[PDB]
C-alpha cells in the first residue's frame, strides 16, 4: 500500500541513497501534520521522535498557535523533554523564539490596522467569530458554537471582553472561527479589503487568520536555521495548510502531507503520508535513516 510512502512530484519514492543533503532539522506544522485527527501524537510518531532526539535531529514546531496553546495540547510530551517548544515558531512566525525564549521575531500588528480590521469585522458581522491574540492571552467578544468549536480544538479559552477594550490591546493576529457556510465569501472579502495590508490564510477547516503581511512561518524557519548555523539545504519542512506554503516552497526539501490541499501539495517538494499515518516517522526514516 501507499499509506506510508514519500514521493517526488513524478510519484517516485524518495530514496535515502539518492539524497545529497543531511537533514539536520525538521520544521513541522502541528494540527493536521504532526497531530492526527484526534489532536494527538501517534505512538509511531512519538517513537520516531525519541530516536530523532537520540541522533541529535532538531524538531521545531511551526504553528499559527501561541506557545501556550501548544503546551496545553502536547504538554505531556513537553514535560518529558520529548518535544521542545523552544526554539519555536508561533503565530505564523510573528512570535518566533530562540532556545532561550527570546523573541527573534516579534511582529505586532499596527494599531490603526487592528482597529480597521475590527470595524470591518463588525460591519460584515464576523466580529462574533473573532479571537484576538496578544502575546500572552487571547480574547473574544462573545461565545457561540463557532467560538466553542475553536476552544475545543485549541484547548485554550479566550477571555471574554467588551468591544471597546480592543483598542488598548497589543495584538499579533486575529483568527476568525467561521461557520462553514460563509468561509468562502468571507475569505474573498478579507483578501479584497486587505491585500498588501495583512496576510489572510485559511489555515484549518473554516479558520481564517490575519497576521503581519511580511511575516510567515518561513521567516521563522530562516531565523532558527541561522541560529544553529544550519544551511536551509539541511532543513526540511512539513505541513498541510495555507500558512505552510511559504516554508514548503522556500526549502528545497519539504513534505506536504497527503491530507493537504492540491495548492499546498504543489508548493511542497514531496508528498508524504497523511497526518493519521504517522507522517513524521516516515519522514525521519526516509530522510534521516531513522
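Residue numbers count along the first chain shown, from 1.
Asks: On mean C-alpha B-factor from the PDB entry, just flag whether 31-39 or 65-73 is the higher one.
Replies: Comparing 31-39 with 65-73, the higher average CA B-factor belongs to 31-39.
Asks: Looking at the entry, does 229-237 or 255-263 show the higher mean C-alpha B-factor?
Replies: Per the deposited B-factors, the answer is 255-263.
Asks: Just grab whichever of 99, 167, 106, 219 has the top CA B-factor as deposited.
Replies: Largest recorded C-alpha B-factor: 167.
Asks: Name the residue from 155, 210, 178, 83 with the greatest C-alpha temperature factor listed in the entry.
Replies: Going by the entry's C-alpha B-factors, 178 comes out highest.
Asks: Tell me, lowest, middle or highest third: where does the Cα B factor of residue 53 rank within its chain?
Replies: Ranked within chain, residue 53 CA B lands in the highest tercile.
Asks: By the recorded C-alpha temperature factor, relative to the other modelled residues in its chain, which third is residue 275 in?
Replies: Lowest third of the chain for residue 275's C-alpha B-factor.
Asks: Just say lowest, middle or highest third for the CA B-factor of residue 183 relative to the other modelled residues in its chain.
Replies: Within its chain, residue 183 is a highest-third residue by C-alpha B-factor, going by the deposited values.
Asks: Check where residue 125 lands among this chain's C-alpha B-factors and tell me if it's the lowest, middle or highest third.
Replies: Highest third of the chain for residue 125's C-alpha B-factor.
Asks: Going by the CA temperature factor in the PDB record, which third of the chain does residue 133 belong to: lowest, middle or highest?
Replies: Answer is lowest: the recorded C-alpha B-factor places it there.
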